[PDB]
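Geometric and topological summary
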Amino acid sequence: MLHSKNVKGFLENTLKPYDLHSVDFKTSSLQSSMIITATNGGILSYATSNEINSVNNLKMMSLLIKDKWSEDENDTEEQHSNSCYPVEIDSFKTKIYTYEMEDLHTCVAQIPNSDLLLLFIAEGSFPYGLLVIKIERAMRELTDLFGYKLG
Amino acid sequence: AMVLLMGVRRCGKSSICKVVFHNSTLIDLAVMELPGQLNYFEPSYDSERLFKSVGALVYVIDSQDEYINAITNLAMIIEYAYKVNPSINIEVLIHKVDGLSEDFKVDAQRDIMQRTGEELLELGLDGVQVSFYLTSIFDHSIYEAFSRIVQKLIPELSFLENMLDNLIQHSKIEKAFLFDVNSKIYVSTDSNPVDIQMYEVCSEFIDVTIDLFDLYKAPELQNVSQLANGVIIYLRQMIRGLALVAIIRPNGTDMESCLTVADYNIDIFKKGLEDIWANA
Amino acid sequence: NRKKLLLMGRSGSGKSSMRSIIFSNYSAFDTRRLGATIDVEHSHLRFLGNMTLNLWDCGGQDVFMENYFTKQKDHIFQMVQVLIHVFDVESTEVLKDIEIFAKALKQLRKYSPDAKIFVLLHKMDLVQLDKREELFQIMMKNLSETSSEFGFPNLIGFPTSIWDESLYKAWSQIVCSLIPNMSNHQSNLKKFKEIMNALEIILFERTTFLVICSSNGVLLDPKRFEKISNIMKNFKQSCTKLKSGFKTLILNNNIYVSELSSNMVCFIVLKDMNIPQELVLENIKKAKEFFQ
Amino acid sequence: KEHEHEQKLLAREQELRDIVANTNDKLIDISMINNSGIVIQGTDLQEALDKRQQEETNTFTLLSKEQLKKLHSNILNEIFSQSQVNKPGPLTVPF
Amino acid sequence: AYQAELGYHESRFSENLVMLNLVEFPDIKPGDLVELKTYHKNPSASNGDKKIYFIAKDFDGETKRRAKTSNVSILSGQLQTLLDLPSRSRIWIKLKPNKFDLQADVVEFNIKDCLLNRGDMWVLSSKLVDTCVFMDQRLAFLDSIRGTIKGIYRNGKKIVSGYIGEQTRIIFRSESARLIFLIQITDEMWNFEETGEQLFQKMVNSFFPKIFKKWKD
Ligand SMILES: Nc1nc2c(ncn2[C@@H]2O[C@H](COP(=O)(O)OP(=O)(O)O)[C@@H](O)[C@H]2O)c(=O)[nH]1
Ligand SMILES: Nc1nc2c(ncn2[C@@H]2O[C@H](COP(=O)(O)OP(=O)(O)O)[C@@H](O)[C@H]2O)c(=O)[nH]1
Ligand SMILES: [Mg+2]
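Residues numbered from 1 in each chain as written, not as in the entry; some residues may be left out. Chains lettered and ligands numbered in written order. Part of a larger assembly, values for the part shown. Heavy atoms only, no water.

A few words now on the overall build of chain D. Summing up its helical and strand segments, chain D has 4 helices and 1 strand in all. Tracing chain D from N to C terminus, the helices and strands come up as α-α-β-α-α. In summary, chain D has a C-alpha radius of gyration of 30 Å against a globular reference of 12 Å for 95 residues, an excess of more than 25%. Buried positions account for 16% of the 95 residues belonging to chain D. When the accessible area of chain D is evaluated, it comes to approximately 8,400 Å², of which 53% is carbon and sulfur surface. Charge-centre separation for chain D: the mean point of 11 positive side chains lies 11 Å from the mean point of 15 negative side chains. (Helix = DSSP H or I, 4+ residues; strand = E, 2+ residues; numbered from the N terminus. Rg over C-alpha atoms; globule rule 2.2 N^0.38 Å. Buried < 20%, exposed > 50% of the residue type's maximum accessible area, 1.4 Å probe, protein only. Areas by Shrake-Rupley, 256 points an atom, 1.4 Å probe, with all protein chains shown as cover. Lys, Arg positive; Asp, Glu negative; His and termini not counted. Charge placed at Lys NZ, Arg CZ, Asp CG, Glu CD.)

See the structure below:
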């Protein structure tokens with residue numbers, strides 16, 4: 001089974017911004033943080049930094065991101081792309097893809113050996129490297145959701 | 001747009017009102033029943049304002065009893081109704097037709113139409129068009145008749161038809177109805193023919209929605225009911241008492257993607273409907 | 001797992017109307033065309049996926065009723081789990097009805113004294129609304145004084161009619177007295193209610209749409225179960241028009257009606273309106289194999 | 001006064017046609033979703049290149065260690081420290 | 001064969017039963033006989049597949065202008081109920097060019113509760129030429145006379161829909177007609193048959209009640 005409250009708390013915690021103290025470099029929070037399916041692309045769980053219209057728009061954006069990701073997961077040509085960051089944690093291989101949606105930076109990563117995806121959307125000023133590190137450290141703590149498939 | 005119900009005693013006006021409106025312009029307002037017995041009509045007994053305040057007059061004829069005198073009384077009513085106001089739409093319901101054959105029903109409607117036309121020719125009224133509907137309480141006929149009568153009193157009909165046609169063409173919707181929350185009187189549809197079976201499906205969907213919502217209260221009505229063959233039925237409350245019920249077919253697509261695009265399209269349609277003051 | 005239910009009464013009491021509406025899927029207007037049941041009509045109805053119900057729609061007329069307690073007494077009243085006696089309040093021979101019920105109770109005590117007796121005061125729509133409940137009391141006390149006489153310390157009765165939803169409650173409580181492993185179903189339902197954080201979870205049967213169990217066993221309507229059963233029967237009969245079968249129903253993203261298995265339907269009312277539909281649907285699909 | 005009502009009806013017809021055209025322009029089909037092309041792969045360097053292209057040679061010439069080695073490690077540590085997210089409990093519950 | 005998307009339209013737009021987009025699949029000229037089969041190989045009876053002949057006609061101006069796919073539109077009412085297909089389905093189209101060779105042989109008709117002269121039957125048959133009909137199609141003559149096509153025959157087969165040509169033997173059976181009965185009262189009426197029944201007992205107990213029950217049915 002699944003627990004919506006703990007996943008909601010995790011997605012709310014992944015909306016936390018960065019405030020560096022050694023170097024004065026403040027970053028804004030992410031626009032949205034959600035977990036979606038790898039089959040239909042609809043929202044399993046979601047969280048926003050800051051109502052029905054935004055939920056429908058976020059579902060549309062999740063559908064668009066999964067539609068773009070489906071062809072990228074099934075393509076082996078041009079595999080040495082600069083926007084792909086395939087990380088392997090705990091002997092589980094996955095592929096992370098970053099995309100630009102007009103003025104939005106959207107980073108998606110398939111949870112390894114499972115039919116789920118994790119998506120972080122931030123503003124255009126957000127750096128891509130910090131998003132990659134954020135999604136890597138987020139996937140590091142999601143070992144309990146490994147091997148989960150839809151029924 | 002207040003409609004006036006007229007007819008002889010024990011013709012069924014109160015029963016029609018109880019069934020439809022109990023289970024402004026467009027909302028199901030408190031209509032006025034008028035028991036009209038056979039008599040001599042008083043000339044201008046302060047009734048000019050009353051008939052000037054009626055958007056469309058509705059007459060009820062009992063098909064079980066003899067009705068030639070009823071048609072004579074109806075012609076007498078029209079004789080001053082059209083004289084006072086030349087913009088009133090005139091409606092006649094042939095009520096209590098549940099236990100009649102199709103050929104008998106068609107012949108009865110033809111006889112009633114011919115008699116009314118001949119009486120109006122005798123009375124010298126010209127340029128008047130009286131509509132006729134075969135109605136009964138026990139079936140969908142009275143709902144459709146009141147739907148046509150109400151549709152004759154909404155000036156924005158073609159624009160709503162275009163909006164619903166565009167919504168249907170861009171969401172794979174089989175059939176979309178713009179019901180009202182009470183009386184199940186559908187206000188607008190597409191250019192596709194109003195199937196009776198689909199109309200009954202949508203009406204009983206309205207009933208299931210309202211009853212289930214009323215069972216759990218005291219803590220914007222939305223509904224998705226998916227069948228085995230992927231055909232979904234969707235409900236979203238529009239402005240004031242209006243609601244939208246759409247039968248949408250998947251056509252071998254993703255259920256959640258179709259639901260998302262239908263939700264976005266219907267929210268856009270509701271935002272467009274906010275601009276036009278079609279509510280209430 | 002064969003359960004022998006007896007459905008007895010007087011002439012015209014509406015036993016076959018109950019059997020047709022609850023199980024054979026007939027409307028209220030379609031029970032007028034029913035004929036007179038001659039002798040005993042047996043119906044083998046499959047409940048859930050393991051239960052089979054042998055419902056005995058008995059005759060109810062005087063020759064049949066005198067035949068039951070004289071010659072066939074060693075056949076109709078042996079290995080009986082539930083008797084359902086249908087009393088018509090339109091009857092002018094109420095003492096004869098009570099005597100027939102007394103003979104039936106005597107035979108059941110003689111042959112299978114572990115059975116369960118239920119009484120349904122049918123046709124309680126012709127009486128005026130003010131005098132209904134008192135009338136239901138006025139007979140029931142007498143029936144209790146009858147029921148405690150021939151064994152049977154407990155007797156449950158229901159004011160029933162085919163033009164309201166009380167029939168569903170009466171038949172649901174009659175059937176649920178035979179369903180095995182009710183405690184396990186209640187415990188699993190409580191676990192699922194705690195897991196999904198739901199206000200109320202109700203488990204039905206798919207075909208008959210009778211209530212099987214509830215999570216709870218803001219003030220709510222005490223007769224909500226039977227009303228939901230009637231609404232679901234109407235919705236199934238509506239969805240039969242579109243040449244398909246009802247699968248799911250989501251209301252306000254708060255009320256989920258879902259085909260839990262091939263034999264049950266779940267009715268979940270949650271607390272938070274902001275949960276996405278796919279999470280609830282996925283948790284429903286995970287519990288699909290759990291209740292099997 | 002009825003000519004003013006005729007002009008008002010003409011304005012109403014224009015307004016209703018404009019409303020129909022406005023609500024017709026936001027309709028999205030599934031073909032628009034599948035072949036949108038909005039979701040494109042973007043990197044920081046490519047975004048900077050596009051910004052310079054819209055706004056509009058070897059510049060660099062090849063020639064402390066402790067301070068840079070300390071600051072780089074401290075910046076990486078501060079980046080990795082705030083990315084550590086602790087769950088408020090188990091994610092999947094059993095029966 | 002071709003492929004088309006089914007459509008439905010109300011009587012406000014067009015009065016014709018079947019309309020097809022003449023701009024699409026331009027092999028078909030305006031005057032043609034077109035099959036509307038819903039099956040492409042291996043016809044299915046349990047699933048439900050029918051062949052419905054019709055005569056080609058173009059879309060209405062309002063429907064063609066404010067168009068929404070639907071290469072073939074069927075008027076609602078009886079033809080839609082006969083076909084029993086959803087609002088957007090896949091159908092097939094042929095261009096059978098032998099109008100003379102595809103004539104139905106016998107097309108039935110019913111003239112209940114109305115007096116048609118013999119010449120009236122001739123005129124009504126003359127109006128039913130180069131026009132395809134189907135089963136239980138309620139034709140109308142002079143807006144009051146009702147018909148019913150209860151049987152279309154071709155090569156010994158009772159086809160669901162047929163084409164009426166110049167050499168089609170259309171018959172007009174009457175469901176409300178005058179009847180004369182001539183009962184012979186002879187010495188044989190009180191005789192007994194081999195089973196043990198009198199012949200007039202058969203006449204008044206088995207023949208007349210059966211014929212009256214059949215007439216009422
Ligand atoms: N069978 C049938 N009876 C009807 C119908 N409409 C009305 N009635 C009969 O009309 C009676 C009610 O008439 P009512 O509304 O009180 O007449 P009013 O007070 O003059 O409007 C009832 O007893 C019904 O039996 C109908 O559609 N079908
Ligand atoms: N009005 C009304 N009629 C009922 C009710 N229950 C049964 N009936 C009538 O009972 C008749 C059929 O009775 P039936 O089931 O055959 O009695 P049984 O043979 O003794 O079981 C139908 O015509 C119904 O109209 C009720 O609650 N209200
Ligand atoms: Mg019976």
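To continue, consider the site of ligand 2. All names here are of chain C. With respect to spatial proximity, 17 residues lie near ligand 2, and among them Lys15, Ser16, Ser17, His122 and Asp125 are the closest. Measuring from an oxygen atom of ligand 2, one finds a backbone N or O atom of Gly35 at 3.5 Å. Contact between ligand 2 and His122: a nitrogen atom at 3.1 Å from a side-chain N or O atom of the residue. Relative to its unbound accessible area of 580 Å², ligand 2 is 82% covered by the protein chains. A per-element tally of the shell around ligand 2 places helix α1 (residues 15–22) first, with 3 residues. Here the shell around ligand 2 is built from residues that sort into 3 nonpolar, 9 polar and 5 charged. (Near = heavy atom within 4 Å. Polar contact = N/O pair within 3.5 Å; in protein donor to acceptor, adjacent residues only side chain to side chain. Nonpolar A, V, L, I, M, F, W, Y, C, P; charged D, E, K, R; others polar.)

Residue and element names in this part refer to chain B. Tracing the backbone through its elements, the reader meets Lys13 in helix α1 (residues 13–22). Put simply, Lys13 is tucked away with no salt bridge, and the nearest opposite charge, on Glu33, sits 8.2 Å away. Side-chain polar atoms of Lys13 contact the backbone oxygen of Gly7, separated by 2.6 Å. Setting aside its immediate chain neighbours within four residues, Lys13 contacts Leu5, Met6, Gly7, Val8, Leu34, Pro35, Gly36 and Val60. (Salt bridge = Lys/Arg side-chain N within 4 Å of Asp/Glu carboxyl O. Contact = heavy atoms within 4.5 Å.)

Below, the discussion takes up the sheet that holds strand β14 (residues 169–170) of chain E. All names here are of chain E. Read across the sheet, 4 strands follow the order β12-β11-β7-β14 without closing on themselves; strand pairing throughout is mixed. The open sheet has two edge strands, β12 (157–159) and β14, and neither has a second partner. Pairing between strand β7 (residues 106–107) and β14: 2 bridges, direction parallel. Directly across from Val107, in β14, lies its bridge partner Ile170. (Pairing = 2+ DSSP bridges.)

One face of the sheet, then the other: side chains in a regular strand alternate in exactly this way. All names here are of chain B. Counting buried positions along strand β8 (residues 232–237) yields 5 of 6 residues, so the element is predominantly enclosed. Of the strand pairs in this sheet, strand β7 (residues 222–227) and β8 are connected by 5 bridges, and their pairing is antiparallel. Within β8, the residue paired with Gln226 across the bridge is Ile232. Linking β7 to β8, which pair antiparallel, is a turn of 4 residues; within it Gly230 sits at a positive phi near 85°. Sheet topology note: the β8/strand β9 (residues 242–248) ladder contains 6 bridges and is antiparallel.

Now for the site of ligand 1. All names here are of chain B. Surrounding ligand 1, one finds 14 residues, the nearest of these being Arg10, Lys13, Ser14, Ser15 and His95. Interatomic distance of 3.4 Å between a backbone N/O atom of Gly12 and an oxygen atom of ligand 1. Within the side chain of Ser136, an N or O atom sits 3.5 Å from an oxygen atom of ligand 1. When the free accessible area of ligand 1 is taken as 590 Å², the share hidden by the protein chains comes to 62%. For the shell around ligand 1, the leading source of residues is α1, giving 3 residues.

Once that is clear, we can look at the coordination of the magnesium ion (ligand 3). Residues and elements named next belong to chain C. Ligation of the magnesium ion (ligand 3) by protein atoms is provided by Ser16 (OG) and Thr37 (OG1), these donors lying 2.0 to 2.4 Å from the ion. With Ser16 in helix α1 and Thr37 in the loop between α1 and β2 (41–47), the pair connects residues that are 21 residues apart, well separated along the chain. We classify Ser16 as buried; its relative accessible area is 10%. The exposure class assigned to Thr37 is buried, which follows from its relative accessible area of 12%. (Donors = N, O, S within 2.8 Å, 3.2 Å for Na, K, Ca; no water.)

Our next topic: the environment of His85(C). All names here are of chain C. Assignment of secondary structure puts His85 in strand β4 (residues 82–88). Classification of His85 as buried rests on a relative accessible area of 0%. Residues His85 and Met8, spaced 77 residues apart in sequence, show a C-alpha to C-alpha distance of 4.9 Å. Filtering out sequence-adjacent residues up to four positions away, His85 remains in contact with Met8, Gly9, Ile100, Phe101, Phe118, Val119 and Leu120.

Let us now look at a negative patch on the surface. Together, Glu274(B), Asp275(B), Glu15(D) and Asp18(D) make up a region of like negative charge exposed at the surface. At the level of secondary structure, the elements contributing two or more residues to the negative patch comprise α8 (255–275) of chain B together with α1 (2–24) of chain D. Mapped onto the fold, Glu15(D) is located in helix α1. A relative accessible area of 45% places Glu15(D) in the partly exposed class. (Patch = residues over 30% accessible without salt bridge, like charges linked within 9 Å, V, L, I, M, F, W, Y side chains within 5 Å.)

Turning next to the packing of helix α7 (residues 196–215) of chain B against helix α8 (residues 224–239) of chain C. Contact geometry for α7(B) and α8(C): axes closest at 10 Å, N-to-C directions at 165°. Considered as vectors, α7(B) and α8(C) are oriented roughly antiparallel to each other. Crossing hand, α7(B) versus α8(C): left-handed. For the pair α7(B) and α8(C), the contacting residues are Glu200(B), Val201(B), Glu204(B), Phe205(B), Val208(B), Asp211(B), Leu212(B) and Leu215(B) in the first and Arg224(C), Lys227(C), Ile228(C), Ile231(C), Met232(C), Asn234(C), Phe235(C) and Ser238(C) in the second. (Axes fitted to C-alpha atoms, helices over the stretch in contact; angles between N-to-C directions. Parallel < 35°, antiparallel > 145°, perpendicular 65-115°, else oblique. Left-handed = near helix turned anticlockwise from the far one by under 90°.)

On to the side chain of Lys15(C), then. Residue and element names in this part refer to chain C. When you line up the elements, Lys15 lands in helix α1. Nearest to the buried, unbridged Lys15 among oppositely charged side chains is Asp57, at 6.7 Å. Filtering out sequence-adjacent residues up to four positions away, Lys15 remains in contact with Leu7, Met8, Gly9, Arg10, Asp57, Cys58, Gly59, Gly60 and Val86.

This next bit is on unusual backbone geometry. One non-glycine residue, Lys96(B), lies in positive phi territory at about 60°. In this fold, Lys96(B) is placed in the loop between β4 (89–95) and α4 (102–123). Phi is positive for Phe152(C), close to 45°, though the residue is something other than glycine. Inspection of the secondary structure puts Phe152(C) in the loop between α5 (132–147) and β6 (156–159). On the basis of relative accessibility, which here comes to 9%, the residue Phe152(C) falls in the buried class.

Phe146(B), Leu212(B), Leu244(B), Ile228(C) and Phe267(C) are the most contacted members of the largest nonpolar core, which has 91 residues in total. Setting aside residues no more than four positions away along its own chain, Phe267(C) makes contact with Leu212(B), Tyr216(B), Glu200(C), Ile201(C), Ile202(C), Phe204(C), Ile228(C), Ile255(C), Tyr256(C) and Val257(C). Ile133(A), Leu5(C), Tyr168(C) and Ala287(C) belong to the second-largest nonpolar core, a separate cluster that totals 88 residues. (Core = buried A, V, L, I, M, F, W, Y, C linked by side-chain atoms within 4.5 Å.)

Moving on to the interface of chain A and chain D. Contact residues are listed per partner, giving 44 residues for chain A and 28 residues for chain D. The junction of chain A with chain D conceals about 3,400 Å² of combined surface from both sides, 60% of it contributed by carbon and sulfur atoms. At the junction of chain A with chain D, the criterion picks out 1 salt bridge. With its nearest N and O atoms 3.0 Å apart, the salt bridge here joins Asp144(A) to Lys87(D). Our count for the contact surface shared by chain A and chain D stands at 13 residue pairs in polar contact. Sorting the residues of the side of chain A that touches chain D by element identifies α1 (4–13), β1 (19–20), α2 (52–73), β7 (96–101) and α3 (128–140) of chain A as the ones contributing at least two each. Looking at which element gives the most residues to the side of chain A that touches chain D, the answer is α2(A), with 7 residues. (Buried area = accessible area lost by both parts, 1.4 Å probe.)

This paragraph deals with α8(C). In a regular helix each residue adds 1.5 Å, so 16 residues correspond to 22 Å; α8(C) covers 22 Å between its end C-alpha atoms and thus fits that length. Listed as buried for α8(C) are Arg224(C), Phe225(C), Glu226(C), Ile228(C), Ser229(C), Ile231(C), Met232(C), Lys233(C), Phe235(C), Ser238(C) and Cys239(C). (Expected span 1.5 Å × (residues − 1).)

A few words now on the arrangement of the chains. The pair of protein chains exhibiting the most contacts, out of 8 pairs of chains in contact, is chains A and D. Across all C-alpha pairs, the smallest distance from chain A to chain E is 24 Å, and the two are not in contact. Contact between chain D and chain E is absent, and the least distance between their C-alpha atoms amounts to 14 Å.

No statement about biological role is implied by the geometric values presented.
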